[PDB]
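This document opens with one chain alone, in structure tokens, the form deposited in one PDB entry.
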């Protein structure tokens, strides 16, 4: 319940909410991380918005979602620490960087595992098994997708250019479930091609490309069937994109893709 219960091992890096550090739980020596949120400048009603959200995501449980463990209020540091699963395998953006550096495309089997596991994770968000509020991820990109020691997917972290920006967002429409699907399409495309489907120097040039809805086929290394399902996620019309249930129905997706 206190910072004292954990020993900071070292600092990993700093992201959206704030800084992230690798830690040891004193009780048993378990390696974890925590995410720091400074609430020092927040009002009480700004805070109220935060406490509901934290609680909702905390009930979220799935083998392909980064596991929540604990929360800590530190008055002295005016910081809220969220303790979560440490993911030994790093993130997917690093996997993609590595492919580019090595000039080696990822195996189709690896892409199908990532598609399968992210879609399972999203399904638990979009359809709580039993049984609470629907959750949209809202920030789905390679840097938010972590990996364990066997490279199973762990979906986490619920001036740059927004490569993955959906047609909805761009048209002043509300982010919905199919907006998560558009982002998954962008991520899987990038996993295959080692580049995002729409690239640009400026945001207005990017918006232009995204509105036109056109992109290269993923590499011929990959089956027509994989190309098809990713291309379907990148449909301009949200109602033409598949639901998580429709993705999982695909003939490509087999039992061994659910876990390495």
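Heads up, when I say rigid core I mean the largest set of C-alphas that superpose within 1.5 Å between the two forms. Residue numbers count along the first chain shown, from 1.
The same protein has a further form, the form deposited in another entry, not shown here; the description that follows concerns it.
- Here residue 81 counts as shifted, since its C-alpha moves by at least 2 Å between this form and the one not shown after the core is aligned.
- Relative to the superposed rigid core, residue 244 undergoes a CA displacement smaller than 2 Å between this form and the one not shown.
- With the core held fixed between this form and the one not shown, residue 27 has its Cα displaced by at least 2 Å.
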